[PDB]
Each structure stands twice: as structure tokens, then as C-alpha cells.
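Below you will find one chain, with nothing else, as C-alpha cells; this is the form deposited in one PDB entry, and questions on how it binds or moves follow later.
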């Protein structure tokens, strides 16, 4: 195998690392308002905001989209993958967020491709050639499936990385102490498991329904 020298246990850490050079996650977009309006003011209200957000659009769009493209990639169904990306593109507002999401997806793909010693396989190659509105979550789904990374593991690492980013945004913006940030992340571990279990129960009919 061309990937004999590749260890997915490290590669999954690598692509979820904050330094993986694809630009910043976009979760910060709809947070500034909550802070200005005195909605999020402390650890308690930050946690409630995070739990609500994680279980709404983050779940029914981002996490679910990852699961859907992962599953479709295993079936080698590019048409369904492009279909999922189309639904997301047509559902995302405002335009600035859509553009930021598309930029992030494109950068994720390009960053993988720049690692010439990593063979993503023909299906991924074709996905990269055809995608019009990639997102980080959908492209990551195809990536994980392509390399044979288990779905639940792929979801756990992605979920943690996204949520770490969300929490640090609250830490910096509210602001909160660093200790409060760590308490929040610890408090989110049970909800994380509930989110993954729920994600596995959903399907295309639930996509973008939050």
C-alpha cells in the first residue's frame, strides 16, 4: 500500500490540530451578539449557550453532514455527497458565513493534497475534482472514510476540536478565566457522547432541519 508509512492514529491528530493550516473555524460568527446582549456573561451561561448550539445547527448540519458524506464515500456515491453539500449551501445564511465555510472546506482539501506522500485514493481524488461547495465537515467525512478511519473515532476528534475552539472563543470574548474554560470542556464530555449517539441516529431527512 502507498500508505504503508502512514499511521491513521497520528494522522487523525494531525488534521484536527489547531495548527493544521486551513484557517480559523467559523463558530465565532454567531457569538459576539450573545455577549453584547448580556446573554452570555459567565461560565454557567456560556455552558448553556454551548449545549444549545451543539445540539442544534452544529448537530443537524455539521456533525450530521460529516456522517452522511462518510457513509456515502464508503458506498462510493459522489452524487449523494454533492447533494448533501448542495443542501447545506442552499440553507446557510448569511452569505459571508457561507463563503467562509466554503473557503475552509477548500483549504482542508488543498492542505491534504499538498501532502504528496499521502494517497487519498481515487474516490477522494474525484470528490476533490468535482466538489463545488465543500465544507470542513463534509470533506473531513470523505477523508475519514477514504483512509478507513472508524466513524465514531472520526466524529469524536472532530467534535472535540470544534468545541475546544468554541470554548476558547467564550474564554477570550466573555471573558472567562482559563480555569472556567477547562471546567466547561470537562462538563461537555457527557453531552459529547449524547451528541455522537444522536448523530448516528439521524439521516438525510434531518439535514439542516435545525
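Positions refer to the first chain, counted from 1. Take the two forms, find the largest set of C-alpha atoms that superpose within 1.5 Å, and that set is the rigid core.
As the entry records it, the average C-alpha temperature factor is higher for 23 to 31, out of 149 to 157 and 23 to 31.
Between 88 to 96 and 103 to 111, it is 88 to 96 that carries the larger average Cα temperature factor according to the deposited entry. The entry lists C-alpha B-factors for 67, 38, 183, 172, and the highest of these is at 38. Of the candidates 61, 162, 178, 42, the PDB record gives 42 the highest C-alpha temperature factor. For residue 46, the recorded CA temperature factor ranks within the middle third of the chain's modelled residues.
In this PDB entry, residue 76 carries a Cα temperature factor that places it within the middle third of its chain's modelled residues. Per the deposited record, the Cα B-factor of residue 135 falls in the lowest third when ranked against the other modelled residues of its chain.
Separately, the form deposited in another entry exists; it is not shown, and the next lines address it.
Among the candidates 43, 156, 27, 51, displacement between this form and the one not shown reaches 2 angstroms at the C-alpha for one position only, 27 (superposition on the rigid core). Distance between the C-alpha atoms of residue 177 and residue 25: shorter in that other deposited form than here (change of 3 Å or more).
Relative to this form, in that other deposited form the C-alpha atoms of residue 143 and residue 25 separate from one another by 3 angstroms or more.
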